[PDB]
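Take a look at this single chain in structure tokens; it is the form deposited without 4-nitrocatechol (4NC).
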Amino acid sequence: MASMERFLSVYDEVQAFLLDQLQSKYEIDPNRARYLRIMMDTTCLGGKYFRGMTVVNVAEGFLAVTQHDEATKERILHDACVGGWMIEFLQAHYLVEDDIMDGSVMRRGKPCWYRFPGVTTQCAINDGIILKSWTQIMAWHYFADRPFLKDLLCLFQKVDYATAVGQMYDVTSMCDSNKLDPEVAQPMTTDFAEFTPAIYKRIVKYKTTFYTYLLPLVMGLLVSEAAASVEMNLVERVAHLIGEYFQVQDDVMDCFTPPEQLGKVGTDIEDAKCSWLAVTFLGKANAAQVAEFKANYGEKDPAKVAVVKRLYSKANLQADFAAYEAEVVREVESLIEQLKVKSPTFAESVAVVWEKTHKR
């Protein structure tokens, strides 16, 4: 059975489980069940399933090099699908709540869940809570007797928390740290002193890399009972690196990829986000250019946003991107090596992850 077909089948099975348990154990009625099935489909399906599929792909790699009964291979693949769906639903939880937080209009060329006429923010916040609770219901049901249950739950729990901290770093990235104060409305930075490479790195590492790269790779190891084929410090370092790279790309596309191809109107400029472009720009600009950046950044006025766009386009940022890109290709290859020692299999999965990221 092809891996995608398997992964999508398991969604139908998990959905049916969740909804069936709502009726048999939570006293739900058919119309509320239907609303939650619609919610589930709309918030969880539609992407490429990169994150869930990585869990499957890692597990399929160990299956080729490890002796097992047929029934065990099937169980391991089924566990990888369920775990992959836990990461997809975790993502979904975050997408729903982030879109509410940020006033987003569209994602994947379709309205944000909260903007659906019969949803509203009042329901969408809680819909998002339910999405994350589902991930735990899946874990406890499907993995109740698995030796990896504790490690999976503890790992999931740490990644979730990192992601939340990451969101906090992100939403506060345009404030002066020393000005943060629940009692006082937060002004945007005037100096941009906190738009550094290290600070950017901290945002991206927590907000994205933990859930997008670390968790799918390690989940694959956990369901394969194969955490000993790796040096965990290496899996960390490689995932952080691939993760950062991926966010840099999204940061560049927010600005420069047409809204139709992007699936949303990018607003990082008007939101004053600490993006790769703003940081990298500020790292090379002269005093006149820094002045002009400061006069136009984080402002809804399209002229001022077009001013920021002009500075970036004129600053030869492609040269900086290319150089960052060469250094990451370099470091990632070195990490794949250092992993190839213990597991050609895992190094190969990490190689494929890297390729899908690099080639998008």
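Just count from 1 along the sequence shown to find any residue number.
Novice: Comparing 257-265 with 71-79, where is the mean C-alpha B-factor higher?
Specialist: For C-alpha atoms only, the mean B-factor is higher in 257-265.
Novice: Looking at the entry, does 296-304 or 56-64 show the higher mean C-alpha B-factor?
Specialist: On average, C-alpha B-factors are higher across 296-304.
Novice: From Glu270, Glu225, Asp102, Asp181, pick the one with the largest CA B-factor in the entry?
Specialist: Most elevated C-alpha B-factor of the set, per the entry: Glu270.
Novice: Sorting the chain's modelled residues by C-alpha B-factor, tell me whether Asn31 ends up in the lowest, middle or highest third.
Specialist: Answer is middle: the recorded C-alpha B-factor places it there.
Novice: For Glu13, return the chain-relative third of its C-alpha B-factor as stated in the PDB record: lowest, middle or highest.
Specialist: For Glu13, the deposited C-alpha B-factor lands in the lowest third.
Novice: Relative to the other modelled residues of the same chain, rank the CA B-factor of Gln167 and answer lowest, middle or highest third.
Specialist: Lowest third, going by the recorded CA B-factors of the chain.
Novice: Compared with the other modelled residues in the chain, in which third is the CA B-factor of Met86?
Specialist: Within its chain, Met86 is a lowest-third residue by C-alpha B-factor, going by the deposited values.
Novice: Which third of the chain holds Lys132 when residues are ordered by C-alpha B factor: lowest, middle or highest?
Specialist: Tercile = lowest for this residue's CA B-factor.
If you look for the form solved in complex with 4-nitrocatechol (4NC), you will not find it shown, but the lines that follow are about it.
Novice: May I ask you to state whether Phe246 is within 4.5 Å of 4-nitrocatechol (4NC) in the deposited complex, using heavy atom distances?
Specialist: Yes, contact at 4.5 Å.
Novice: Mark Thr135 yes when one of its heavy atoms lies within 4.5 Å of a heavy atom of 4-nitrocatechol (4NC) in the deposited complex, and no otherwise.
Specialist: Contact check for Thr135: no, nothing within 4.5 Å of 4-nitrocatechol (4NC) in the deposited complex.
Novice: Sequence order please: the residues of 24-63 with a heavy atom within 4.5 Å of 4-nitrocatechol (4NC) in the deposited complex.
Specialist: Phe50, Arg51, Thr54 sit within 4.5 Å of the partner.
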